[PDB]
């Protein structure tokens, strides 16, 4: 089932979500399937559970094919994500958010991370990630601690409506 995505301004996006504790359950599997369905209908590249007003440490992300420079990111559902930078190096790049429709900004992120957590069937996931793959997971992780991209913008010249911006990163 497609779920409504809540918009910035909704206090439910500002919460610190608790951990997932029903790994392997039918209920988590249904939630995850809704999330992938919801992300897909919205043409997203990542979606975090608080964006459908579900207070849990859970995100889905990935796509084959709008982010032209971005290589494929495997379709992944990750519960209880933890992230650690693997270098100090920051890289700037474009982000939008389905809870902030119409807009985008340049945001600095760590270029190189490791992330760890669990797949919905309860098996561990741990991966080193870089570039857009890494950015997507850091952006979704922010949602789980009640953070959205605008509080991360450094250059406000790059923040604007997607159909109007001509900032050349």
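Numbering follows the first chain given and starts at 1.
_residue 140 dropped in a third or more of the other entries_ = No: coordinates for residue 140 present in every compared entry.
_Can you check if residue 40 is missing its coordinates in at least one third of the other PDB entries compared, counting only those that model the residues either side of it?_
Modelled in all the others, so no.
_Between residue 65 and residue 66, how many residues of the deposited sequence have no coordinates in this entry: none, 1 to 3, 4 to 9, or 10 or more?_
The entry leaves 1 to 3 residues without coordinates here.
*Report the stretch with the higher mean CA temperature factor, choosing between 67-75 and 91-99 on the basis of the entry.*
Per the deposited B-factors, the answer is 67-75.
*Report the third (lowest, middle or highest) to which the CA temperature factor of residue 128 belongs, ranking only the modelled residues of the same chain.*
Lowest third.
*Which third of the chain holds residue 34 when residues are ordered by C-alpha B factor: lowest, middle or highest?*
Middle third - that is where residue 34 ends up once the chain's C-alpha B-factors are sorted.
*Could you tell me which third, lowest, middle or highest, the C-alpha B-factor of residue 150 occupies within its chain?*
It falls in the bottom third of the chain.
*Going by the recorded CA B-factors, say which third of the chain residue 164 sits in, lowest, middle or highest.*
Answer is highest: the recorded C-alpha B-factor places it there.
*asked:* What third of the chain does residue 139 rank in for C-alpha temperature factor, lowest, middle or highest?
replied: For residue 139, the deposited C-alpha B-factor lands in the lowest third.
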